[PDB]
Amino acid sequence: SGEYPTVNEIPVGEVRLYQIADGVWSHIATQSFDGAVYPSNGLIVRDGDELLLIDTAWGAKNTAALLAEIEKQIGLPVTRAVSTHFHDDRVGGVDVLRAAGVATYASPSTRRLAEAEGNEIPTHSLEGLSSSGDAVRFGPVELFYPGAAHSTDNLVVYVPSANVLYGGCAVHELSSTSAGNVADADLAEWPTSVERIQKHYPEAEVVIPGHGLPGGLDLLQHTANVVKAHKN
């Protein structure tokens, strides 16, 4: 009923959208992994009379439900998708997207890692993102590679029309008391990568984490704090 939807409010298999700004939504889904249930976020950005999708809804059936929810709530076709790193909450569902006519994209680093892990593999490679600090335009967004953080390949996404920063899994929500799933992370480099985000996007008004509630720029400093303390 208008609040940001939380893990126990979304049954696994259902998707909800949340309006972030004019022409910007997040998508929220839930998934079971190793016997626990987690929420995760992605982004939808209006691209004229088409939509750009950022990240799957964490699984094939969730991603089919995402496409149905978009049709119900927005009614414009999803034509392109970008996955912001190689984990299943970002690429799981790419095969569903690819069969629904969506062109799927990721960095070459993400594509390699997805392939090596046995995860679904986006079709198209995004060049120009291999060195930290790199940025490229992709429709109505800018894609930015901040350096290694949650994963070596993680990308963040900025919507300049709305000053929306989608941090993906390199950014944690304010209530986080832990650095999440760090199996593929670089805890030593993560603060430096967050500092790069802070320097590059000082006018961000909304910051969206990969999991949990959006907020403001404080999510960036909070993330650095939880990562340093996790390492400590």
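In this text, residue numbers run from 1 along the sequence as written.
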item	value
Of 50-58 and 172-180, the stretch whose C-alpha atoms average the higher B-factor in the entry	172-180
Comparing 72-80 with 103-111, the one whose average Cα B-factor in the PDB entry is higher	72-80
Given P191, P39, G167, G42, the residue at which the Cα B factor reaches its maximum	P191
Residue, from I28, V207, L187, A65, that the PDB entry assigns the highest Cα B-factor	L187
Among modelled residues of the same chain, the CA temperature factor third for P122	lowest
Third of chain Cα B-factors occupied by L213	middle
Record-listed C-alpha B factor of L17: chain third	lowest
Cα B factor band for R98 (lowest, middle or highest third within the chain)	highest
Lowest, middle or highest third - CA B-factor, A162	highest
